[PDB]
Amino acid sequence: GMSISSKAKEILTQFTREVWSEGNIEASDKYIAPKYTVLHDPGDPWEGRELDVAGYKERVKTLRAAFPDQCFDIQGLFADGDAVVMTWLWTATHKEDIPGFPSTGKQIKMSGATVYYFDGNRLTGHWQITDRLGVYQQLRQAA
C-alpha cells in the first residue's frame, strides 16, 4: 500500500470526531480502506477480522450503541511510517443498559491507545489497547 499522506494526523482527528465522537457512521466511507483489519483490540468481537467498509460501519454501530454520547479526546498523535498512533481519553454517559449494569446516567471515563495503519488517506486497520478494567471498575462503583 501507499503509506501515509501529509494529512494523516488531521485525517485521524476528523475521522475520530465524525465517526467515533459524533456517530456519523456513514463518514466511514471517507476514511476506511476497502479492507480494514482489527489487528489487535482486546475483547473486541471483530478482533482479528478483516472487514469491508460495510462491516466496519456495523462495528461502529455496535460500539456506538453501547455508549451513544461517547466522545474521544485525542491526547497525542505519533506518526511513523504507515502508522499513526493516537492516544486518547474517552467519556460517555452510562445511559444504555449493558450486561449486568443497567443505565445509571453517570460519566464513564476511559483511555486508550490505537495504532492506525494507513494506505494513503485511508485506514487499513488498528492495533488498540483501552482501559477496559477502569470502565469495569467504574461500572461496579455505579451499580
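The first residue of the shown sequence is 1; numbering continues from there.
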Stretch with the greater mean C-alpha B-factor as recorded in the entry, comparing 81 to 89 against 104 to 112: 104 to 112
Stretch with the greater mean C-alpha B-factor as recorded in the entry, comparing 93 to 101 against 113 to 121: 93 to 101
Record-listed C-alpha B factor of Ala33: chain third: lowest
Cα B factor band for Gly55 (lowest, middle or highest third within the chain): lowest
Ranked against its chain, the third holding the CA B-factor of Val135: middle
Assigned third (lowest, middle, highest) for the C-alpha B factor of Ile25: highest
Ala65 - Cα temperature factor, lowest/middle/highest third of chain: middle
